Amino acid sequence: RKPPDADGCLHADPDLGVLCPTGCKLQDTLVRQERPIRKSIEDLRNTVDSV
Amino acid sequence: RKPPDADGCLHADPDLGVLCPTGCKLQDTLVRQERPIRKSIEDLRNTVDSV
Amino acid sequence: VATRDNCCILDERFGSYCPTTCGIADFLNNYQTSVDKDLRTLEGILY
Amino acid sequence: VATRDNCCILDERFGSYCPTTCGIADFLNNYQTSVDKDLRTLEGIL
Amino acid sequence: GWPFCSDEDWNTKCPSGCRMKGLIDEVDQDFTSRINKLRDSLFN
Amino acid sequence: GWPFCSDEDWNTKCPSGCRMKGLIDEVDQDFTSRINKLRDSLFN
């Protein structure tokens, strides 16, 4: 595998180069992703038991 | 002229790649440069207006 | 919100403040390690 | 005391905060444009 | 060819936001895939 | 091979800190040179 890069875009002013997600955008992404993953793991544990 | 890049370093972990100054470091740089620059310009205006 | 009292370097002319990508990388490591442990537990049970 | 790279912790799980480089770029654009105009005027005086 | 970072550099020099989103996406894909495989194994 | 940004991307996506440091330093060098030239003409 090769270190992955995602979500960059080229600004109209070449001097600014490639723009990338800020720390706020990345934080929003992580908080949004963590919730369903943690809930799914909790539910899955219970389903193992309710089977 | 090719856009200037500066102060980057390679992290020991290749997955993290090139590290660059944070917004805090960049802010410090600008705050410190702006003061003597603006004062020097006021000084020049006064020398000119004093004629 | 960032204020002079909770953010010692605050200069609002520079805009709103956000975590740095170092904070993002450190959060990601904590999250990834934690979730992976729980997934390994379930993988041991169902496989 | 807290070090200046760790004195703006606004979320305990995400660490200390900094402005974004968009804020840096926008501040730089205004500063550079303003100072350049003042220098142009001085440089135009004979 | 940038020089190597010092240990002290962390928190004053940080990764590209594009590299981080890449890493974040990889972790979410791994976790989503593993949850789906576990669900497929509830009744084998 | 990145796509071009849209007007709505600014503030959500931003430049590399290495590029901004480069640009900041270039502006300071330009202004310092221009101020010194004006000084040489007024006091020299």
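All Cβ positions, even for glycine, are placed from backbone atoms using ideal geometry, and neighbour counts span all protein chains on display. Values quoted throughout were computed directly from the atomic coordinates according to the rules given, and no laboratory measurement underlies them.
Structure above, values below:
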{"read-out": "Restricting region E:1-23 to residues that are at the interface with chain A (Cβ under 8 Å from one of its Cβ atoms) and of a type outside the set (A, V, I, L, M), the residue that is surrounded by the most Cβ atoms within 10 Å (Cβ to Cβ)", "value": "E:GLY17"}
{"read-out": "Output for region B:2-26, where each listed residue is more than 23 Å from the chain's Cα centre (by Cα) and either among the acidic types (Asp, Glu) or under 12 Å from F:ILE24 (Cβ atoms) (or both)", "value": "B:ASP13, B:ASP15"}
{"read-out": "Filter result (part of a loop (DSSP other than H, G, I, E, B), of a type in the set (D, E, K, R) and surrounded by 18 or more Cβ atoms within 10 Å (Cβ to Cβ)) within region A:1-48", "value": "A:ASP5, A:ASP7"}
{"read-out": "Pick from region C:1-22, criterion more than 9 Å from chain D (Cβ to nearest Cβ) and among the β-branched types (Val, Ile, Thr), ranking: farthest from F:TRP10 (Cα to Cα)", "value": "C:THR3"}
{"read-out": "Residue match in region E:3-10 (condition: over 23 Å from D:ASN6 (Cα atoms) and of a type in the set (S, T, N, Q))", "value": "no"}
{"read-out": "Among (1) more than 7 Å from chain D (Cβ to nearest Cβ); (2) surrounded by fewer than 19 Cβ atoms within 10 Å (Cβ to Cβ); (3) in a helix (DSSP H, G or I); (4) under 18 Å from the mean Cα position of the chain (by Cα), the one test that C:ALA25 misses", "value": "(2)"}
{"read-out": "Only one of B:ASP43, B:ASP28, B:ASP15, B:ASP7 that is at positive phi and either at the interface with chain F (Cβ under 10 Å from one of its Cβ atoms) or without any contact (Cβ under 8 Å) to a residue 24 or more places away in the chain (or both)", "value": "B:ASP7"}
{"read-out": "Options B:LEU30, B:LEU19: the member that is among the aliphatic types (A, V, I, L, M) and within 21 Å of C:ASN29 (Cβ to Cβ)", "value": "B:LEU19"}
{"read-out": "Any hit, region C:8-19, residues being assigned to a helix (DSSP H, G or I) and among the hydroxyl-bearing types (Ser, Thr, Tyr)", "value": "no"}
{"read-out": "Residues (more than 10 Å from the chain's Cα centre (by Cα) and buried (at least 17 other Cβ atoms within 10 Å of the Cβ)) located in region E:24-37", "value": "E:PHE31, E:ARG34, E:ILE35"}
{"read-out": "So B:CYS24, is it in contact with a helix residue (DSSP H, G or I) (Cβ under 8 Å, 6 or more places away or on another chain), farther than 15 Å from D:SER34 by Cα and not aliphatic (A, V, I, L, M)", "value": "no"}
{"read-out": "So D:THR41, is it farther than 16 Å from A:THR22 by Cα, assigned to a helix (DSSP H, G or I) and of a type in the set (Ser, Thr, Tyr)", "value": "yes"}
{"read-out": "Selection from region F:1-31 of residues that are part of a strand (DSSP E or B) and either within 22 Å of E:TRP2 (Cα to Cα) or small (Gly, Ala, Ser) (or both)", "value": "F:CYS14"}
